[PDB]
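Cβ placement follows ideal geometry from the backbone for every residue including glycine, while neighbour counts extend to all protein chains displayed. Values quoted throughout were computed directly from the atomic coordinates according to the rules given, and no laboratory measurement underlies them.
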Amino acid sequence: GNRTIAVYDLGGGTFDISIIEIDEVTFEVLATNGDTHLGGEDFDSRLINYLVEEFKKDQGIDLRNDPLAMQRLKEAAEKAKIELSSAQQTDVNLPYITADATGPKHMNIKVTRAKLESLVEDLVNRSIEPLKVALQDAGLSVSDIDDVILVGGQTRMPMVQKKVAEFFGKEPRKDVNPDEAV
Ligand SMILES: Nc1ncnc2c1ncn2[C@@H]1O[C@H](COP(=O)(O)OP(=O)(O)CP(=O)(O)O)[C@@H](O)[C@H]1O
């Protein structure tokens, strides 16, 4: 009774996919692929652009010339990205972010989940490309896979789970650890 699994591991920096076969009678990695420039940090970057554009649209300032402000906005963007894994909407609040002749300025922007999903949709789609490759290299199809286990914090995002569920046709398991997976 062999069991074949797929490990979708999306971290802060890189993306990995691995196909592993288990037999009783033994453990054999059948294929492994990924994307060295596709990670959670790219999800923050997309949200950072949106916050910079909205702050310009509203107040008229470009924060990118201000390095100390861009650090706080990166920190705030990640925080909002995470909350939006569990909430439908959230609020970025950074008082005294910058200043001009009119005085000190404040950021207060509402980000909805739907907004975030539209911003990162293409990054999620990039993760499917190495998946197809791995399966080809293994001489397998999605029907030959028995379980999909998610690894990495970024995979907690409902959208990422919905797309992986659509590819494999199975509900991926996010509860499983590395020992239990085998
Ligand atoms: N609830 C949540 N929803 C969405 N993203 C979340 C999250 N909780 C954490 N994250 C994201 O998960 C990432 C943390 O990744 P993790 O610690 O699992 O791997 P990593 O970055 O150390 C390994 P690598 O560099 O190889 O990819 C951060 O980018 C963080 O923004």
Which of the residues belonging to region 107-116 are surrounded by 16 or more Cβ atoms within 10 Å (Cβ to Cβ) and either more than 16 Å from the chain's Cα centre (by Cα) or closer than 11 Å to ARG46 by Cβ (or both)? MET107, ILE109, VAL111, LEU116
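Out of curiosity, is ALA76 within 16 Å of the ligand (Cβ to nearest atom), hydrophobic (A, V, I, L, M, F, W, C) and over 19 Å from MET159 (Cβ atoms)? Show your work before the answer.
Working: within 16 Å of the ligand (Cβ to nearest atom): yes; hydrophobic (A, V, I, L, M, F, W, C): yes; over 19 Å from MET159 (Cβ atoms): yes.
Yes; evaluated as a whole, the condition is true for this residue.
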Quick one: how many residues across region 24-45 are away from the ligand (no atom under 14 Å from the Cβ) and either among the acidic types (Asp, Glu) or in contact with a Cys (Cβ under 6 Å, 6 or more places away or on another chain) (or both)? 2
With under 22 Å from the mean Cα position of the chain (by Cα) and surrounded by 14 or more Cβ atoms within 10 Å (Cβ to Cβ) as the only criterion, which of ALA31, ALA69, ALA80 stands out? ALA80
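Looking only at residues that are within 14 Å of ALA181 (Cα to Cα) and within 14 Å of the chain's Cα centre (by Cα) in region 1-16, which one is farthest from the ligand (Cβ to nearest atom)?
Filtering region 1-16 down to residues within 14 Å of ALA181 (Cα to Cα) leaves 2-9.
With the extra rule that they be within 14 Å of the chain's Cα centre (by Cα), the set shrinks to 8-9.
Details: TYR8: 12, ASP9: 8 Å.
The qualifying residue farthest from the ligand (Cβ to nearest atom) is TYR8.
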Would you say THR102 is more than 20 Å from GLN161 (Cβ to Cβ) and within 11 Å of the ligand (Cβ to nearest atom)? no
Criterion violated by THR90 - all others in (1) out of contact with any helix residue (DSSP H, G or I) (no Cβ under 7 Å at 6 or more places or on another chain); (2) within 16 Å of the ligand (Cβ to nearest atom); (3) β-branched (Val, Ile, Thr) satisfied: (1)
Name the pairs: first residue in region 10-37 and within 15 Å of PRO130 (Cα to Cα), second residue in a loop (DSSP other than H, G, I, E, B) and away from the ligand (no atom under 16 Å from the Cβ), Cβ to Cβ under 9 Å, at least 6 apart or on different chains? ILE19/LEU140; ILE19/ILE145; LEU30/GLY139; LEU30/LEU140; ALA31/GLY139; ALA31/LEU140
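Give the residue, chosen from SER143, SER118, that is more than 20 Å from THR32 (Cα to Cα) and in a helix (DSSP H, G or I). Before the answer, list the steps.
Numbers: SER143 fails: more than 20 Å from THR32 (Cα to Cα).
Every option except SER118 fails the conditions.
Please verify whether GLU121 is surrounded by fewer than 18 Cβ atoms within 10 Å (Cβ to Cβ) and within 16 Å of the ligand (Cβ to nearest atom), treating the condition exactly as stated.
On the way: surrounded by fewer than 18 Cβ atoms within 10 Å (Cβ to Cβ): yes; within 16 Å of the ligand (Cβ to nearest atom): yes.
So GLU121 fits the description; yes.
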